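What follows is one chain in structure tokens, specifically the form deposited in one PDB entry.
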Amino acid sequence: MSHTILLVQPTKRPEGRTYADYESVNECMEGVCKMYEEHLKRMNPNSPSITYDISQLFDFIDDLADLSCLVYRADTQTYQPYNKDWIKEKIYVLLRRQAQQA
């Protein structure tokens, strides 16, 4: 698995820049969905389930001022960068697999 770092900046405000790290690319993508999920729970404290469609996720990601990831390559002991659109496609594929399973 490749160690992965996610850099997020929610708004134009520089002090909001944050990061988190994961043991793999798929756990980082799941981390992106968890970010949106905890945002929806803040907003909806009294909804029993947090439910959302993939279009709502994608608009949330598009609205971030910035989102990128760095993925460790054993090859060169270095990190390959990938942009917001790459991220969205991995989450697409991930969420599409689960939907098939069901």
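Position 1 is the first residue in the sequence shown; the rest follow in order.
Quick note: we don't show the form solved in complex with a partner chain, though the next part is all about it.
Heavy atoms of no residue among 53, 84 and 94 are located within 4.5 Å of the partner chain in the deposited bound form. Heavy atoms of residue 62 never reach within 4.5 Å of the partner chain in the deposited bound form, leaving it off the interface. At the 4.5 Å threshold, heavy atoms of residue 18 reach the partner chain in the deposited bound form. Contact annotation for residue 35: at least one heavy atom lies within 4.5 Å of the partner chain in the deposited bound form. Taking non-hydrogen atoms only, residue 74 never approaches the partner chain to within 4.5 angstroms in the deposited bound form.
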